[PDB]
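Report on the structure
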Protein chains: 2
Amino acid sequence: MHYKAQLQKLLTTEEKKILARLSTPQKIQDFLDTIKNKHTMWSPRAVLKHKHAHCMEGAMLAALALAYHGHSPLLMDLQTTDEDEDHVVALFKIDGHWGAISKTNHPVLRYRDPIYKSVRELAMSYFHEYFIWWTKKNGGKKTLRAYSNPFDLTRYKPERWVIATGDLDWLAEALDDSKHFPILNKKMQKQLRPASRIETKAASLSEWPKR
Amino acid sequence: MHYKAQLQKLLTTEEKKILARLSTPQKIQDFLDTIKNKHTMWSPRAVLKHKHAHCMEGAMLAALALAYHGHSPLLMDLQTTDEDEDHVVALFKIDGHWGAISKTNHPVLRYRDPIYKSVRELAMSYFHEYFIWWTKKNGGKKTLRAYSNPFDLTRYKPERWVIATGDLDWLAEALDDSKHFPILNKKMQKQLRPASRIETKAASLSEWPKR
């Protein structure tokens with residue numbers, strides 16, 4: 001309630017009217033679906049203004065909306081080899097089970113229903129669909145290597161990220177530097193099989209055109 | 001070794017030459033990739049003859065090839081609502097971790113690398129990608145509800161399935177009747193969100209044409 005009070009001090013009437021509607025994790029994901037998928041690392045304020053977001057911008061807005069209704073604003077980092085880019089989601093729980101809100105342009109690394117018994121279990125549900133699909137060089141290689149502990153944005157003064165103008169590279173870097181848990185050892189990595197051609201083709205589909 | 005001996009008594013020279021090559025789970029999956037995806041429920045013999053298979057025909061051949069190299073021939077049933085069809089995979093383990101060999105025509109319910117710490121964890125990696133994609137009626141509804149214990153085909157005389165002529169509906173029925181574990185309760189089911197339009201479109205892609 002205290003955290004929510006701090007948020008209300010920072011937000012305009014329009015912002016609060018939006019956040020008030022987004023009262024369930026499902027409603028939040030529905031809202032992110034209407035934002036155009038994509039320089040900089042916008043605040044939730046900027047995202048609501050310009051209605052454009054990459055993954056971490058999407059997750060930060062989700063975390064804000066979750067916090068506005070009394071959930072912890074939690075991020076999880078999905079960390080890849082240098083061949084790929086990391087992905088960030090907003091974690092949530094309902095009746096003891098983990099779910100995830102996700103902003104992505106492709107049919108992989110999507111929303112997760114609150115049915116996963118642990119962070120690990122949820123994270124593992126992404127592994128098989130995190131692969132190189134955009135080039136033939138290591139075509140189909142599975143690139144996920146680690147997941148973060150839930151990253152609680154409560155540790156910061158909300159001004160620092162909710163309404164920031166300053167570009168939040170520091171926040172991205174803090175997330176990347178937090179505790180991560182490896183998914184493989186060296187033996188397991190050697191076992192990995194590439195995704196099939198049908199899988200890479202499917203992953204390549206786009207929600208929003210690359211205009 | 002005893003089980004393998006029984007298999008060798010039943011198999012032709014050609015059959016054994018094939019099974020001898022398929023010495024890793026990865027090699028087996030590669031082989032199933034060359035079989036055309038699809039009445040009846042053919043034996044591994046029939047599948048090797050006609051080079052055509054649905055999911056359970058694929059999994060039984062996989063289980064045979066696994067057994068020929070000393071693994072348990074294990075099946076896992078993935079059980080859906082009445083709106084969908086069940087799917088069967090062949091489970092395997094390498095260094096204490098579960099993987100799965102799978103025969104499917106679509107970019108979902110595919111192979112799983114041996115990295116999953118439990119049957120449950122592996123089964124849960126399929127949940128989000130098991131949905132209605134072929135009609136608008138309950139379009140995108142997530143239909144997986146339970147997974148079986150590993151089903152060891154060792155319980156039967158190998159003649160009964162490896163080289164059967166008789167159509168193996170009884171084997172399918174025995175699998176469906178084995179111990180299953182629910183994934184949801186009624187509360188969780190009410191939380192479920194439909195897959196997106198981009199997801200149903202991606203799932204609809206076909207490896208083999210529907211000629």
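Residues numbered from 1 in each chain as written, not as in the entry; some residues may be left out. Chains lettered and ligands numbered in written order. Heavy atoms only, no water. Residues with missing side-chain atoms left out of burial classes, pairs and counts.

For this deposition, the record names X-ray crystallography as the technique by which the model was determined and cites 2.682 Å as its resolution.

1. What about empty space enclosed by the protein?
Considered as a void within the structure, the largest cavity measures approximately 220 Å³ in volume. As for the largest cavity, its lining consists of 18 residues, and the residues nearest its centre are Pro-107, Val-108 and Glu-129 of chain A together with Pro-107 and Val-108 of chain B. Taken together, the elements giving at least two residues each to the lining of the largest cavity come down to α9 (197-204) of chain A together with α9 (197-204) of chain B. Approximately 130 Å³ is the volume attributed to the second largest cavity. Split into classes, the residues belonging to the lining of the second largest cavity amount to three nonpolar, five polar and six charged. (1 Å grid on protein atoms, 1.4 Å probe; cavity = no way out; pocket = protein on both sides within 12 Å on 5 of 7 lines; lining within 4 Å. Points joined across faces, edges and corners; volume = space filled by probe spheres on them. Helix = DSSP H or I, 4+ residues; strand = E, 2+ residues; numbered from the N terminus. Nonpolar A, V, L, I, M, F, W, Y, C, P; charged D, E, K, R; others polar.)

2. Quick word on the interface of chain B and chain A
Contacts between the two partners involve 35 residues from chain B and, on the opposite side, 35 residues from chain A. Taken together, the elements giving at least two residues each to the side of chain B that touches chain A come down to α3 (25-33), β6 (112-116), α6 (119-127), α8 (186-191) and α9 of chain B. Here the residues of the side of chain B that touches chain A sort into 15 nonpolar, eight polar and 12 charged. (Contact = heavy atoms within 4.5 Å.)

3. Quick word on the environment of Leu-11 of chain B
As for its position among the elements, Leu-11 of chain B is in the loop between α1 (2-10) and α2 (13-21). Apart from residues no more than four positions distant in its own chain, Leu-11 of chain B is found in contact with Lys-16, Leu-19, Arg-45, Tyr-68 and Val-162 of chain B.

4. Describing the relation of the copies chain B and chain A
Of the transformation placing chain B onto chain A, the axial shift is 0.0 Å and the rotation is 180°, giving an RMSD of 0.0 Å. The operation mapping one copy onto its partner corresponds to a two-fold rotation axis. Judged by C-alpha distance, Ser-125 of chain B is the residue of chain B that lies nearest the rotation axis, at 2.2 Å. Looking at the interface residues of chain B, 100% of them are also at the interface in chain A, so both copies use one shared face. (Least-squares fit on C-alpha atoms.)

5. Observations concerning the packing of helix α3 (residues 25-33) of chain A against helix α5 (residues 55-68) of chain A
Residue and element names in this part refer to chain A. For the pair α3 and α5, the least separation of the axes is 10 Å and the interaxial angle reads 145°. In this structure, α3 crosses over α5, and the sense of that crossing is right-handed. For the pair α3 and α5, the contacting residues are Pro-25, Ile-28, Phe-31 and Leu-32 in the first and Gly-58, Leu-61, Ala-62, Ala-65 and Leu-66 in the second. Here the contact of α3 with α5 is composed, by residue class, of eight nonpolar, one polar and no charged. (Axes fitted to C-alpha atoms, helices over the stretch in contact; angles between N-to-C directions. Left-handed = near helix turned anticlockwise from the far one by under 90°.)

6. Some details on unusual backbone geometry
The phi torsion at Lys-51 of chain A lies on the positive side, around 55°, for a residue other than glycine. Locating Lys-51 of chain A in the fold gives a position in the loop between α4 (44-50) and β2 (52-53). A positive phi angle, close to 55°, is found at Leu-109 of chain B, a residue other than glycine. In this fold, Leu-109 of chain B is placed in the loop between β5 (97-101) and β6.

7. Describing the side chain of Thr-104 of chain A
All names here are of chain A. Mapped onto the fold, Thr-104 is located in the loop between β5 (97-101) and β6 (112-116). The class for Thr-104 is buried, based on a relative accessible area of 12%. At 3.4 Å, the side chain of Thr-104 forms a polar contact with the backbone nitrogen of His-106. Setting aside anything within four residues of it in sequence, one finds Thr-104 in contact with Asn-37, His-87, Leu-109, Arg-110 and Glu-207. (Buried < 20%, exposed > 50% of the residue type's maximum accessible area, 1.4 Å probe, protein only. Polar contact = N/O pair within 3.5 Å; in protein donor to acceptor, adjacent residues only side chain to side chain.)

8. Overview of the packing of aromatic side chains
Residue and element names in this part refer to chain A. Applying the stated rule across the entire model yields 10 aromatic pairs over all chains. Ring geometry for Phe-151 versus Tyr-156: centroids 6.2 Å apart, planes at 45°, classification tilted. Accessibility expressed as a relative area gives 18% for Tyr-156, which makes it buried. Through a chain of ring-to-ring contacts, the aromatic side chains of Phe-151, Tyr-156 and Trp-170 assemble into a single cluster. Seen from the ring of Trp-170, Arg-160 lies directly overhead, with NZ or CZ sitting 5.5 Å from the centre. (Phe/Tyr/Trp six-rings, centres within 6.5 Å; stacked < 30°, edge-to-face > 60°. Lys NZ or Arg CZ within 6 Å of the ring centre and 35° of its normal.)

9. Things to note about the environment of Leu-22 of chain B
Residue and element names in this part refer to chain B. In this structure, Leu-22 sits in the loop between α2 and α3. Since its relative accessible area comes to 5%, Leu-22 is described here as buried. Setting aside anything within four residues of it in sequence, one finds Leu-22 in contact with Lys-27, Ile-28, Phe-31, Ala-65 and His-69.

10. What about the side chain of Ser-43 of chain B?
Looking at the secondary structure, you find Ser-43 of chain B in the loop between β1 (36-37) and α4 (44-50). When neighbours within four sequence positions are excluded, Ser-43 of chain B is seen to be in contact with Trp-161, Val-162, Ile-163, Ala-164 and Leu-168 of chain B.

11. A closer look at the pattern of salt bridges
In a structure, side chains of opposite charge can pair up when their charged atoms sit close to one another. Tallying each qualifying case throughout the model produces 18 salt bridges over all chains. Measuring nitrogen to oxygen at the nearest pair gives 3.1 Å for the salt bridge that ties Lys-38 of chain A to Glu-57 of chain A. Two residues, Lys-141 of chain B and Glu-83 of chain B, come together in a salt bridge whose shortest N-O distance is 3.1 Å. Of the two residues, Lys-141 of chain B is situated in the loop between α6 and β7 (144-148) and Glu-83 of chain B in the loop between β3 (74-80) and β4 (87-94); the sequence distance between them amounts to 58 residues. Its relative accessible area of 33% is what places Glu-83 of chain B among the partly exposed residues. The network of salt bridges with shared partners includes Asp-30 and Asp-33 of chain A together with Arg-193 of chain B. (Salt bridge = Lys/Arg side-chain N within 4 Å of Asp/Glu carboxyl O.)

12. Examining the pairing of strand β4 (residues 87-94) of chain A
Residue and element names in this part refer to chain A. Counting buried positions along β4 gives six out of eight residues, so the element sits mostly inside the fold. In the sheet, strand β3 (residues 74-80) pairs with β4 via five bridges, with the strands oriented antiparallel. Residue pairing across strands places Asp-77 opposite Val-88, the latter belonging to β4. Hairpin geometry of β3 and β4 is characterised by an intervening segment of six residues between the two adjacent antiparallel strands. (Pairing = 2+ DSSP bridges.)

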